[PDB]
Peer 1: 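My questions will all concern the structure given below.
Only this structure's heavy atoms are used, side chains among them; waters, hydrogens and symmetry mates stay out. Every chain is numbered from 1, with letters handed out A, B, ... down the list of sequences.
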Amino acid sequence: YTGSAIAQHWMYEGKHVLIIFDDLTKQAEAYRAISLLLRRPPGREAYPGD
Amino acid sequence: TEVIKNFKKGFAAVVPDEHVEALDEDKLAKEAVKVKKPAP
Amino acid sequence: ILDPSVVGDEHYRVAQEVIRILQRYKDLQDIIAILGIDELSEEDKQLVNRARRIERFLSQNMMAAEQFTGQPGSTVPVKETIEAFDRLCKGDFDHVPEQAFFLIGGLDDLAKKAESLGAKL
Amino acid sequence: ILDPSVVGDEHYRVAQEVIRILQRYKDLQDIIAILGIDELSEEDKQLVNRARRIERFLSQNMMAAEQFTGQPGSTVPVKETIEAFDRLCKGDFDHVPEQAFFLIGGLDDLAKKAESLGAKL
Amino acid sequence: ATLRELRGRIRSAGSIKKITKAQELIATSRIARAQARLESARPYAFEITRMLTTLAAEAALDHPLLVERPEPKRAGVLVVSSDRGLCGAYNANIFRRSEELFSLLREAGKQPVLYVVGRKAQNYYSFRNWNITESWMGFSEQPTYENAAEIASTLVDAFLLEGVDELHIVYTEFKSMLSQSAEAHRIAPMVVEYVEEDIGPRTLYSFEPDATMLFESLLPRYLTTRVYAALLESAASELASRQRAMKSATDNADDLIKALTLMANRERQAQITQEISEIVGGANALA
């Protein structure tokens with residue numbers, strides 16, 4: 001989200017940007033960690049609903 | 001049983017083309033008696 | 001509405017025959033995956049050939065697929081569809097290759113593609 | 001109490017042989033289903049015939065199932081059972097069809113149903 | 001219940017893989033033996049061929065098996081197939097070549113007459129409503145010269161007569177161990193081709209009793225040794241095809257074991273996660 005904000009600033013100024021998300025599987029695992037620590041009931045593969 | 005058997009006699013109960021084209025006659029190998037005397 | 005009292009007798013019969021052939025093919029798929037087609041009965045070999053041709057002829061070039069491939073779409077009336085699949089499930093096209101049933105319309109497209117592949121109907 | 005010290009040596013030997021034959025059959029079933037029975041040995045085909053006859057002879061027409069098959073029930077003493085399964089495992093009935101073993105009692109019922117199918121023993 | 005099902009499928013696929021690998025190695029041994037038989041039967045064929053051409057040099061070439069019969073009305077085709085069926089497209093290729101030959105024969109007004117060697121040809125032709133004049137089974141893997149003699153005697157007796165005008169053989173030629181090709185051969189009537197002179201002031205051969213009788217007594221032996229060589233090449237080709245098909249089946253069963261193991265582990269993990277979800281859901285419902 002930090003990367004996409006830094007990139008959207010340039011996009012909305014007429015520039016052309018390229019963004020790479022080295023691994024979104026790792027973001028998903030980190031978000032599942034944060035969700036399970038907040039005691040949110042998991043779903044498929046223990047991932048959050050959102 | 002007899003009604004069934006008397007009905008059974010009144011009851012009315014080829015090579016596929018395969019559309020395969022002909023083999024080349026040049027491919028049909030011919031067993032030949034190789035005479036070594038010239039008289040064609 | 002796949003019901004003889006809605007779509008008619010021939011529509012329903014051809015559909016049930018197509019589904020039966022495809023279900024038999026799916027039953028054989030395991031053996032076919034390990035040993036191939038060469039080990040089946042002659043009846044089963046004939047049915048698997050018909051089923052491969054049928055499952056390829058259910059494919060079609062859609063109007064919305066012209067953006068991906070560049071080939072325009074195709075519309076096939078339902079009576080022509082019933083007739084074509086009746087001929088397939090009866091064995092009238094078992095000599096045409098597996099391709100040339102791929103992404104076409106009715107029987108005229110099939111004839112054109114088979115004659116471009118050296119076959120006839 | 002399936003112990004040579006409780007049921008005797010012959011009871012135990014026959015039971016262990018039946019279990020071994022049925023286990024070998026369960027191990028061969030997948031091969032037979034995929035590659036066919038003709039791919040097995042002659043020893044294995046012999047054992048498969050014996051195992052099918054044995055697994056059909058373990059079934060029985062019970063007294064409480066007359067309501068489900070219309071057939072009256074049977075009772076077989078333990079010595080007749082031991083000797084019958086001894087003869088099965090030895091191969092004395094490998095010429096009787098697979099039926100005539102199915103839902104019967106002792107060896108007399110086996111003879112009756114085998115002759116009902118045109119065979120002897 | 002899918003986990004027990006997947007473990008059982010893995011076990012069955014492992015059994016199949018073991019069986020097919022064993023069959024491939026057995027087929028390797030047997031193709032070695034079949035090549036041995038072929039190269040041991042070659043020399044007599046060479047010698048009878050050179051003796052037959054020596055005889056034909058000074059013979060009256062009018063034997064029925066040597067003359068082209070006018071107005072050919074029938075043709076007798078001998079299709080050589082296998083008995084066991086764990087080969088690949090071996091019999092399929094044989095039948096394709098035989099169908100091409102049948103079309104070539106129908107394009108010349110000749111009704112094909114069908115002799116078969118093996119059970120797979122019998123299956124293919126009885127399913128297609130062919131009437132098979134005479135069948136032979138049980139020796140497609142280890143053919144003896146007596147089988148060749150019997151087959152060739154039946155074929156030449158059908159030729160010299162209900163009766164045919166020529167004889168063909170559709171069998172698999174074995175070469176290089178990586179390519180076995182179905183081939184149609186015309187074994188009778190033999191074509192007379194005058195190749196060369198070769199010998200001019202050559203010491204002339206003496207014939208006892210005479211050249212023509214020897215020639216007409218040697219021709220059927222030549223035909224039957226040709227049929228014998230055909231049976232041997234077909235046996236070697238069938239063993240090669242079985243080796244290849246069994247290696248393919250072993251690789252397919254291995255890839256199937258891999259896919260089934262991936263699925264089994266996936267559903268194992270899913271089952272553990274679902275069980276934990278239920279347990280912690282109850283424990284949270286109670287808190």
Side-chain angles (χ1 to χ4, degrees), chain B residues 28-35, chain E residues 34 36-56 59 61-69 74-83 94 98 101 113-118 121 132-161 163-174 183-192 211-238:
Chain B
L28 184 68
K30 309 296 184 71
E31 293 293 326
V33 182
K34 290 197 264 302
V35 173
Chain E
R37 285 198 81 204
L38 189 56
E39 319 294 357
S40 69
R42 193 164 318 281
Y44 165 95
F46 173 47
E47 292 204 341
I48 193 170
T49 291
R50 79 154 152 76
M51 174 179 317
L52 188 83
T53 190
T54 285
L55 262 51
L61 315 164
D62 60 355
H63 191 257
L65 278 156
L66 210 68
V67 68
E68 299 181 0
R69 288 191 186 185
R74 289 171 289 207
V77 180
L78 177 86
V79 170
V80 181
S81 294
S82 60
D83 295 338
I94 289 297
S98 85
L101 171 67
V113 179
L114 185 69
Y115 302 76
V116 299
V117 176
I132 293 170
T133 294
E134 166 77 343
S135 301
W136 293 274
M137 294 179 286
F139 56 92
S140 306
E141 42 273 30
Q142 197 257 334
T144 58
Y145 177 67
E146 299 86 60
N147 298 116
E150 175 197 45
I151 290 174
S153 305
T154 288
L155 261 60
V156 300
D157 291 332
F159 176 82
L160 272 72
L161 193 152
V164 296
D165 286 296
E166 61 198 60
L167 301 173
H168 311 276
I169 285 183
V170 191
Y171 81 100
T172 318
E173 275 183 1
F174 176 68
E183 302 279 275
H185 279 217
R186 179 168 154 275
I187 66 178
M190 274 163 280
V191 176
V192 179
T212 62
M213 189 64 206
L214 262 64
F215 187 68
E216 308 177 0
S217 178
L218 195 54
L219 272 183
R221 312 265 318 261
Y222 178 81
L223 292 175
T224 191
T225 190
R226 295 316 290 165
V227 170
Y228 180 60
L231 298 199
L232 294 180
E233 268 195 306
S234 65
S237 288
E238 170 198 336

Peer 1: With sequence neighbours excluded, tell me which residues meet side-chain contact (heavy atoms from CB on, under 4.5 Å) with E/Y145.
Peer 2: E/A148, E/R221, E/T224, E/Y228
Peer 1: Describe, in one word, how the ring planes of E/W136 and E/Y115 are oriented to each other, choosing from parallel (under 30°), tilted (30 to 60°) and perpendicular (over 60°).
Peer 2: parallel
Peer 1: Taking all non-hydrogen atoms of both residues, which atom of E/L55 and which atom of E/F215 are closest, and how far apart?
Peer 2: CD2-N, 3.5 Å
Peer 1: Assess, by modelled atom type and distance only, whether the side chains of E/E166 and E/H168 contain a donor and an acceptor separated by less than 3.5 Å.
Peer 2: yes
Peer 1: Looking at CD of E/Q142 and CG of E/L231, how far apart are the two atoms once the value is rounded to the nearest 0.5 Å?
Peer 2: 11.5 Å
Peer 1: Enter the distance from E/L155:CG to E/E150:CD here, rounded to the nearest 0.5 Å.
Peer 2: 11.0 Å
Peer 1: Once rounded to the nearest 0.5 Å, what's the spacing between atom CZ of E/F46 and atom OG1 of E/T225?
Peer 2: 13.0 Å
Peer 1: In Å and rounded to the nearest 0.5 Å, what is the CD to OG distance from E/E183 to E/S234?
Peer 2: 13.0 Å
Peer 1: Kindly indicate whether the side chain of E/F139, heavy atoms from C-beta on, has any atom under 4.5 Å from the side chain of E/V117.
Peer 2: yes
Peer 1: Return the minimal non-hydrogen interatomic distance between E/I187 and B/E31, and the atom names on each side.
Peer 2: CA-CG, 3.9 Å
Peer 1: Check whether E/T53 reaches the backbone of B/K34 with its side chain - one donor and one acceptor, N or O, closer than 3.5 Å.
Peer 2: yes
Peer 1: So, using ring-ring contact (aromatic ring centres under 6.0 Å, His included) as the criterion, who are the partners of E/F159 when residues are at least two apart?
Peer 2: none
Peer 1: Please answer whether the main-chain N or O of E/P143 pairs with a side-chain N or O of E/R37 as donor and acceptor at a distance below 3.5 Å.
Peer 2: yes
Peer 1: Tell me the closest heavy-atom pair linking E/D83 and E/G118, and the distance in Å.
Peer 2: OD1-CA, 3.2 Å
Peer 1: Do E/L223 and E/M190 come close enough that some side-chain heavy atom pair is under 4.5 Å?
Peer 2: yes
Peer 1: Just wondering, do E/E216 and E/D62 contact through their side chains at under 4.5 Å, heavy atoms?
Peer 2: yes
Peer 1: With E/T133, which of E/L114, E/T154, E/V113 fulfils side chain to side chain contact (heavy atoms under 4.5 Å, CB included)?
Peer 2: E/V113
Peer 1: Which pair of non-hydrogen atoms, one from E/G138 and one from E/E141, has the smallest distance, and what is that distance?
Peer 2: O-OE2, 4.3 Å
Peer 1: Without swapping roles, check the side chain of E/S140 against the backbone of E/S81 for a donor-acceptor pair under 3.5 Å.
Peer 2: yes
Peer 1: Between E/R69 and E/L160, which heavy-atom pair has the shortest distance, and what is it?
Peer 2: NH2-CA, 3.3 Å
Peer 1: Mind running side-chain contact (heavy atoms from CB on, under 4.5 Å) on E/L219 and B/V33 for me, showing each step along the way?
Peer 2: CA-CA 9 Å; E/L219 272 183; B/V33 182; 4.3 Å; yes
Peer 1: Below 4.5 Å, heavy atoms only, C-beta onward: do E/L167 and E/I169 meet side chain to side chain?
Peer 2: no
Peer 1: CD1/E/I94 to OH/E/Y171 distance, rounded to the nearest 0.5 angstrom?
Peer 2: 9.5 Å
Peer 1: With a 4.5 Å heavy-atom cut-off, do E/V67 and E/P189 have their side chains touching?
Peer 2: no
Peer 1: Do E/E238 and E/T172 touch side chain to side chain, with heavy atoms closer than 4.5 Å?
Peer 2: no
Peer 1: Treating E/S217 as the side-chain partner and E/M213 as the backbone partner, does any N or O pair qualify as donor plus acceptor under 3.5 Å?
Peer 2: no
Peer 1: Where is the tightest heavy-atom contact between E/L61 and E/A56, given as atom of each residue plus distance?
Peer 2: CD2-O, 3.9 Å
